[PDB]
Structure formats: C-alpha cells, structure tokens
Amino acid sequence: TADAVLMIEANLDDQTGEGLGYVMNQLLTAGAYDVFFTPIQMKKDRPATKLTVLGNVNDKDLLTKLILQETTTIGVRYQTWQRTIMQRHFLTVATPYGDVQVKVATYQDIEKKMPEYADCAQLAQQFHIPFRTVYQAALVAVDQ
C-alpha cells in the first residue's frame, strides 16, 4: 500500500522536440514508472521543456545515466517521494465487442475499475467504432 518513488528532473532549452520524443521512449523501455514533459519558460526568452521521470528508488543510477547520455543536460536533480497506492488486479470483462481487461483498484473502501486502453483501442480500430463508444461499453459491462 505504502512505498516510495524517485523523481528525477532536468530542464532542456538546448534540445529538439524530436530528441525529446526519442528519450521519452528510451526511458519507458528502461522501466520508468512514468515519464512526462512540462512546458516551461527559461532565461533569454527560450521556450523549454522540463523532463520528469518517476521510477524505483534503486534505479537512480540507471535513469540518471540514461538521461545524461541521451539528453543535452549537464546535471540532473532527483528526490524521493512517499506514495499511497491502491491495490490493483485485473478482471476479464465481456463486452458487446469482445473481452476487455479492466484494472480493479481498491483502497480501504474506495474502489474504481478502469478499462485497459489498448484493449479498447484495438477493438475500436478493428470494428470501426469510436474509441469512446467501446470504452463506455466496457464501463457499462463493468457495472455488471
């Protein structure tokens, strides 16, 4: 239920968006819990991007080294956050378009059920149905 997460950041005013899209995908294949970009505004009228990576506290060296190798930054800053995470498991749910996996999260008496995006998007593509139509059909089916 309770763990910790490492957050690593770096500001980039000297790298292309092309290069940043590449490193986002390098970081996820490296096992980062999450990667995101925040538009920031830096000195000398430069539009810039802040890179944030969340990962296991023990992955400090891995993620740091990846960032210094693949981005233009000279340094990284990092710090540990505490976390509260719900318990999670999966249910196979039958819908009008086929089976969809649904993540079931519980925390004390809080409970929510989230259809898997990739499952819904594949079925929307296959059957030429809007993604939102399939996702909602999965939500109805979850209501069971």
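Numbers for residues come from their place in the sequence shown, where the first is 1.
Visitor: Within this chain's modelled residues, let me know which third the CA B factor of residue 111 belongs to: lowest, middle or highest.
Guide: Ranked within chain, residue 111 CA B lands in the highest tercile.
Visitor: For residue 93, does the deposited CA B-factor place it in the lowest, middle or highest third of the chain?
Guide: Tercile = middle for this residue's CA B-factor.
Visitor: Mind checking which third residue 32 falls in for C-alpha B-factor across the chain?
Guide: Middle third by C-alpha B-factor.
Visitor: Once the chain's modelled residues are ordered by C-alpha B factor and cut into thirds, is residue 83 in the lowest, middle or highest one?
Guide: It belongs to the middle third of the chain when residues are ordered by C-alpha B-factor.
Visitor: What third of the chain, by the recorded C-alpha B-factor, contains residue 68?
Guide: CA B-factor rank for residue 68: highest third.
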